[PDB]
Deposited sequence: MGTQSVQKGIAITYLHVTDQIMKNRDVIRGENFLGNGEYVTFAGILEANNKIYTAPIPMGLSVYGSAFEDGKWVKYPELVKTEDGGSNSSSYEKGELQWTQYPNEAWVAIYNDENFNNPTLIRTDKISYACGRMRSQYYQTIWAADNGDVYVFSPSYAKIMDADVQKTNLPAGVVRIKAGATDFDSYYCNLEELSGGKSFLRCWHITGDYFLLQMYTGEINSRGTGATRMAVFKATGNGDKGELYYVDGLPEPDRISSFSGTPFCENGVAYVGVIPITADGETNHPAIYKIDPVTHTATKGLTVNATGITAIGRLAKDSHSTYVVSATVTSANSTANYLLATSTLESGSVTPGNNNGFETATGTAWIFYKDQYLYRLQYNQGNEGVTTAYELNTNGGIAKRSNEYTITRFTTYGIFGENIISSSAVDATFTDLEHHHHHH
């Protein structure tokens, strides 16, 4: 028995609030070159699970294995601890992949994560966005079940030339029910004016929303203050990309709220300004119409930030929920109720004061529950969940758990699923 890298999987089962730690999956040599992986995203489509196994380089175990067999670039192996935050490294590791010019997708026939089908492409680098410790999902399904695998080519900012990818940001495709790539390929940098992206989502049909970088990619996801609409089958199945018109221009935007809320063929996203002085400059929710790639200003949020947008319902009661942060001399979080995202305002206070702890990731399960996932660096994550009660008020569900540290999440079936690469002992 020895300490190896593994893939931890946590299930948050929404019907009964049960939390399950899966047996840890062996991550050493997950892709056949010795490197270990971090899952990026958990996508359900065609009754399968799709994730992107993002290579991490070699663990200490990986660089020791069979007399260093897996070490292609020994000049990159570390001889002491170093690095910072979630990118700290230890003596003997080879940090980040030696194989940046490829992407993998792992496909599972159900949520037990047994017997993956693994498919490799040379057309794109690995399929995830990166923000501090977090691995953002960039694999998404069209309405017909075709899965589009996007890569922002994050690896371009690696220090070591051999660890940089030379592939532009781009997209490939897995047709519904298939477990091979087809021939589809779109070079996104040729459509975006040379720009890449932080993360992306599905809007409707074959329209996807990309949160675009304004300049160079960076490790903190800052300055990703444009949106663009991608029509995957546009221009004779070559892809079409349009920057969104009608949002505040980038030098007014501090950040976007994160995961959009999609209904009725459009996307809603929160915009947090750099300077929020005066009501017309407070954070606000914008509606993005993918057909016209046009945004319109909607609900104003009289708070410091916006962190989630969705819908909660119970019996005949139903409301939009906007998660909003308020920073003073620390930071409070409020779940604000509204019947519209497109006008008026919401303000934390006596008639809208459901306070929660802050969260790193906010996930709506359908219109039934809101899950908060709190990231705590090297320590355990924390999760709470929220619903409408039978009176129609927002309420916290009773079970509050520490969970394995997570760096990605998604949904399959009745489970919110979260994952990260962990140390584990195996036979």
| property | result |
| --- | --- |
| In sequence order, the deposited-sequence ranges that have no modelled C-alpha atom | 1 to 3, 333, 432 to 440 |
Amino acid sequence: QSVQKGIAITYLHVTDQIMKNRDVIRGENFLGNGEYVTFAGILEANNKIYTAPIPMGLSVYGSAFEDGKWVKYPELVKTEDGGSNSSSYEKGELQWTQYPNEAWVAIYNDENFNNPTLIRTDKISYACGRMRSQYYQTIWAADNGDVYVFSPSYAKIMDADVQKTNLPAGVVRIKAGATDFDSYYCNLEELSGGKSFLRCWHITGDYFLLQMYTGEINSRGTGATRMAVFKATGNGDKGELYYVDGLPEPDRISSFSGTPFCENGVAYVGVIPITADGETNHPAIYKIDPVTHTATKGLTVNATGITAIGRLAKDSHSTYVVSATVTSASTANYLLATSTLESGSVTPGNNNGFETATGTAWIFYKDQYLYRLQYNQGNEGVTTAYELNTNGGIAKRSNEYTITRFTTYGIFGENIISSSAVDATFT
From here on, numbers count along this sequence of modelled residues.
| property | result |
| --- | --- |
| Residue stretch of maximal mean CA temperature factor, 92 to 100 vs 108 to 116 | 108 to 116 |
| Selected stretch [higher average CA B-factor]: 258 to 266 or 169 to 177 | 258 to 266 |
| Out of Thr402, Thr38, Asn399, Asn29, highest CA B-factor residue | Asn399 |
| Candidate residues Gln374, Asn46, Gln377, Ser59, the one whose C-alpha B factor the record puts highest | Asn46 |
| Chain thirds of CA B-factor: placement of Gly381 | middle |
| Lowest, middle or highest third - CA B-factor, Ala8 | lowest |
| For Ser196, the third of its chain into which the C-alpha B factor falls | lowest |
| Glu80 CA temperature factor, ranked by third within the chain | highest |
| Chain-wide C-alpha B factor ranking for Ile411, given as lowest, middle or highest third | lowest |
